[PDB]
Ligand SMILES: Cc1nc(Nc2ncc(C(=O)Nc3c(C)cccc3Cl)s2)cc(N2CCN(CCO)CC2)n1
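Only one chain is shown below, in structure tokens, and it's the form deposited without the named molecule.
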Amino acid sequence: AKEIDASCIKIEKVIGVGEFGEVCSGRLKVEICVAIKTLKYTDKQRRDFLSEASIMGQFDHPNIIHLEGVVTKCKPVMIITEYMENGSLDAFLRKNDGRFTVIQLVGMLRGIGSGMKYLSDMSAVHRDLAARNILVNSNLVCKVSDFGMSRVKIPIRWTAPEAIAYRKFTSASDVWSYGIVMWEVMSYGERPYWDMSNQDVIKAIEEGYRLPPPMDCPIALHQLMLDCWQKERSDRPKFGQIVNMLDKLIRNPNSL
């Protein structure tokens, strides 16, 4: 992760408040813009708050939030990462409802896929993949963040069957999550399974029910979602196949 001297981090604005503490956006000098996650809390939070930075520090990929460093030897304890102008993907889509083309939405999913293909290769499992955990920048590049649950309370409607049933988390269960993320994107941040109860969703999926294709969503994309939602995890496509399929869709826009 690398320790950074607090004299280098200069907060400017408080973008909002997160779980463990506040979340801001300042600058880092040695100058560039960065994100800052402060902690204010008991030891029952610090070890988990920082552990997220530790794991995130093992990664280096364009579609994975870059960790600048951490400030532990001083208060407030904080995590410094690359700045993302547009913030959380889900909120970003709800504020720009129906304002993006199919190819642009596909490009975002391509990047997310690429970041997941990176993680899965590192033998890492996010276990909490969702649009709310994916940040977007001014260039529309979506990056996977929030590695608090990663392993090298999780929403049921985003979690794969086996993961809930017999606590089996793998890159195959993240694919199922990716499937849900795909649905959120093409639906502009729409709540999966809407007003259905977590119990209804579990039963529904067991009966063979699957989320319908979002309006104006290409048949091929929805099918890709169906594959990601296959009961038998072994039958679901690998992240490598997912990134490949999307590229061929982008390269050949007419196929969408």
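Throughout, we count residues from 1 along the sequence that is shown.
From this point on, the text means the form solved in complex with the named molecule, which you will not see here.
Remark: open binding site. Placing the named molecule in the deposited complex onto this structure by local C-alpha superposition gives no atom within 2.4 Å of a backbone or C-beta atom. Candidate site formed by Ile112, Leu221 and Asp227: none of these residues places a non-hydrogen atom within 4.5 angstroms of the named molecule in the deposited complex. None of the heavy atoms of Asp97 is located within 4.5 Å of the named molecule in the deposited complex. Proximity of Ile11 to the named molecule in the deposited complex falls outside the 4.5 Å heavy atom cutoff. Put simply, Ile65 is close to the named molecule in the deposited complex: some heavy atom of it is within 4.5 Å. Within this chain, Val23 lines the site of the named molecule in the deposited complex, having a heavy atom no more than 4.5 Å away. A single residue from the set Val125, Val77, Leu135, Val175 has any heavy atom within 4.5 angstroms of the named molecule in the deposited complex; that residue is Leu135. Screening 179 to 187, 77 to 85, 101 to 109, 159 to 167 for residues having heavy atoms within 4.5 Å of the named molecule in the deposited complex returns a single hit, 77 to 85. Heavy atoms closer than or equal to 4.5 Å to the named molecule in the deposited complex belong, across 43 to 70, to the residues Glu52, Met56, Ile65, ordered by sequence position.
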